[PDB]
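Just the one chain here, laid out as structure tokens, in the form solved without the RNA.
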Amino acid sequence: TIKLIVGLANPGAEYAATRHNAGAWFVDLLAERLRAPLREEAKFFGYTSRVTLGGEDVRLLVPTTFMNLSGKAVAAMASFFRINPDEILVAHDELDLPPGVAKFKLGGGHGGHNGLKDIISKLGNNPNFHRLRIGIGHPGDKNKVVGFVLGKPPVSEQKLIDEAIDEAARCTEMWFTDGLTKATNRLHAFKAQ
């Protein structure tokens, strides 16, 4: 089962609407719907909250370390509550999926995402945690990636990302009540059928 949900981001109003904060948008949505506000806790290097999802006790985390230093926050929370890597779900922006699509994945590398890279490192070089890949599209080549992920999406793309995040939230809840297989089958069918 999942005990911790992490949403990757950079802190501050300066980065709030940028693509690289897609993971945080997901966590914010969960907290908003449950009316369980996130509060920054120094000890965990990020915003935290505790909610009941599908009847289960789940903790939320949005690091305030800056993206490339995210591992520090995930490791601090996981160590205090004694949570295993496969009991963690990390939501993040995904260049390899278009806006409007989202997918679950267990393990694998970081694929060039520096937030994921640091988490793998800080968990003791262990990539075996779950991920919610939120599609943001790809600009074309590596040279344009920096300005793209740190850029704000046009309104039409934002609407598509919001739809995927909403569906992803419902499927995450389904994971708790009905299991990962059913939750995955529903999410991966979104926009595919």
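Note that the rigid core is defined as the largest set of C-alphas that superpose within 1.5 Å between two forms. Counting begins at 1, following the sequence as shown.
Just so you know, the form solved in complex with the RNA exists too; it's not on screen, but the next bit is about it.
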item: Heavy atom contact within 4.5 Å of the RNA in the deposited complex, the stretch among 179-187, 165-173, 8-16, 21-29; value: 179-187
item: Touches the RNA in the deposited complex: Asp86 (any heavy atom, 4.5 Å); value: no
item: Heavy atom of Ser156 within 4.5 Å of the RNA in the deposited complex; value: no
item: In the deposited complex, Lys72 touching the RNA (heavy atom, 4.5 Å); value: no
item: 4.5 angstroms heavy atom contact with the RNA in the deposited complex for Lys122; value: no
item: Partner contacts for 112-136, taking the RNA in the deposited complex and a 4.5 Å heavy atom cut-off; value: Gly112, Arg133
item: Core-superposed comparison between this form and the one not shown: the option from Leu160, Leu29, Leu53, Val149 whose CA moves 2 angstroms or more; value: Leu53
item: C-alpha of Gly140 off by 2 Å or more between this form and the one not shown on rigid core; value: yes
